[PDB]
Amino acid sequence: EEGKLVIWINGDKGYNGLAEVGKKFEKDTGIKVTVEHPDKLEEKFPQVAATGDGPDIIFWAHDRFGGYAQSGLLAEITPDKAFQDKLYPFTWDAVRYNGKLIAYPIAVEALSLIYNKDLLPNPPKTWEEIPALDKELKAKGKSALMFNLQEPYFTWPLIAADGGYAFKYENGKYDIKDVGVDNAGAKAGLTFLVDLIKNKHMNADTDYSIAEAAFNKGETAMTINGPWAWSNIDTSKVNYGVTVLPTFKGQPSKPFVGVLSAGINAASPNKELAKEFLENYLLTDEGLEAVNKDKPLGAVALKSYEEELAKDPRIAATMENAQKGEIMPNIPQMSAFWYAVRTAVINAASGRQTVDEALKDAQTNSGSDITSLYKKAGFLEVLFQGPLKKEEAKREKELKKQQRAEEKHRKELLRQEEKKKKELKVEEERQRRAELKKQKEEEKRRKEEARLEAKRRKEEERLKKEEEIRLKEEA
């Protein structure tokens, strides 16, 4: 339908703020803007867009946007050099598929180093200081660092710090035949990761839940997580800080960068209108603020608005780690990379393979046939369909108990503050009467004290003249 903008954005984002920016776009141009949040739009959009229908604009991470363009679902955006300068240069690389821009960057997301301020006022700036910092904290019944070691997304920051990379990115493209997994840099990064486990500084069987709980309970001093986990730490009432990830051999850690992007439908009749909306209404200070006020975006690609968000050290550390991080490729071959590195880490942490053997097979399995891997996943999904469907229900059973625990926390924080605001309001009215009665009393006691001195002088002048005439009259 030409002449009307339809926007699809996930339900966990600030869509109400996005609708307000749409109403502002409608108040100026008269074009209706309807912001919807359908369920599972990452899988529903690729089907509706292929048949012509669908939204004019769709919001989602840039990783899925790669296959969208290969399918022909996203139109090539055309921002001028002026607007390209409004966003950080590295964010455009995440929305560039096949050398052409196919999405507008909105928000930037990357892993950071979260530390307990009560245990560590000064967090370590280097990975080499953690072994000695853990030996110190082990004497006091705690540990230094505990983060997810199962998925390679959490272990890549250390593995790629010395010179690792998924696929080499050049001229705006990706070389599936050039995987940077078994080089001298990745070998040192993974060796130091394994040496941390062999020296009993980390346990190889630590996943996401084990790490999130150990930090919330105050048992470990540090953890590695993204802005999505800040809510869970706020409920634990742990004085935590979000800082830059440690360096390894002088080089900073390289976490994968995820960019929330807004793409224009390739079959949309309102491509020019979507361009006016995204560049001149959404990607502005007033626009992004309306969305961030409804649901925080974290670090955003807009420079002018990142300055104000960067006053929050947590968002400032996320953008710093993102700029030092690695743009996550949107190439479908990435699936082979995820599976290859996953087994490379697990086999190296369990002693199945050495660091050299694990990375050697990983660089080979990264170039594995993707369709063969998909069929391999289909065979295992059916083979373990029972325990898997029970695991998914258990995670949904714990997510409802973990979102009710947050609702109970903000209910507690809203109750104590609303009661403290009325409690101080009573004291302000208490001393207001206590000082009003003190003013009425002290002002009328000093006033009468002046009448005491004036009347006493009148008495002194009257008794002295009455005595004067009483002595003058001699009998």
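Residue numbers here begin at 1 and follow the sequence given.
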Given the B-factors recorded for C-alpha atoms, which segment has the greater mean, 232 to 240 or 80 to 88?
-> 232 to 240
Between the two ranges 389 to 397 and 213 to 221, the one averaging a larger CA B factor in the entry = 389 to 397
Chain thirds of CA B-factor: placement of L283 | lowest
Can you work out whether the C-alpha temperature factor of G72 puts it in the lowest, middle or highest third of the chain?
-> highest
Could you look up the Cα B-factor of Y97 in the entry and say which third of the chain it sits in: lowest, middle or highest?
-> highest
Comparing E289 with the other modelled residues of its chain, is its CA B-factor in the lowest, middle or highest third?
-> middle
Tertile call for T371 (CA temperature factor, within chain, third-based) is the middle
